[PDB]
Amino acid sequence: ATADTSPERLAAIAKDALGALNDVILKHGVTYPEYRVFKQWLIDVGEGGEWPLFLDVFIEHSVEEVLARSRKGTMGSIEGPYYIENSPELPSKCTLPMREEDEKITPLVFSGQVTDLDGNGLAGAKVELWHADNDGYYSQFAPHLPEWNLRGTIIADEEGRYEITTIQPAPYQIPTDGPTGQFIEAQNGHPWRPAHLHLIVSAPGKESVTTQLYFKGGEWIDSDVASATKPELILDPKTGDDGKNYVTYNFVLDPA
């Protein structure tokens, strides 16, 4: 992993990042017992392997807020720690891989079209979906699950449309008996995320979008610990007489 940044830019970055922190210590009168605790917690983050967690919850929102200024298409959001590459491909209309345990849960049917800025249909266009199960587990992040459970690469047809069936997600709680959750708990916070789909959407000759979609009445909707939920990405699914929840949603892709 490399940035291709200059020493001039880094220097300016670190000066005000360090200036900022050093400024919070002065402003609040941070003591020496406090400093020791802090240092000890940074070691633990590393030792608990919680660096992508902590940063993704607490920092990635600004990185996407920056990228967000540059694009005219669908609203993006943070990737989070759990994306996996080359998930198995599925046809234009499909079901997401899932176990019998998953078959017990109210289904979600997710339809729409991948278009360009003008609104034209895009063939040979892909939707990478992934999200958590009713337990708040992600596959490849819990040994009891099959390695592509609720992950897939959806191949959109002739005109960019896709119809995808999966389950309807339940609120993810981030891990707590570790440094990130001890961080939240010592400040009387809450370790909850909204229920969400993660998606990378692409198509030839387009700047991909990475985003999330959420659910209209959901808990933790206006208190996302990751600060990653927007108005523009909240679905409002209607239920069929089959009893399955139904949503349509379209992705608008910028020029690459």
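All residue numbers refer to positions in the sequence shown, first residue = 1.
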query	finding
Entry-level comparison of average CA B-factors, 201-209 and 44-52, reporting the higher stretch	201-209
Mean C-alpha B-factor comparison - 76-84 and 120-128, higher one	120-128
Ranked against its chain, the third holding the CA B-factor of residue 221	highest
Third of the chain's Cα B-factor distribution that residue 151 belongs to, per the entry	lowest
Lowest, middle or highest third - CA B-factor, residue 236	middle
Residue 183 - which third its CA temperature factor falls in, relative to the rest of the chain	middle
Entry-reported Cα temperature factor of residue 95, expressed as the chain third it lands in	middle
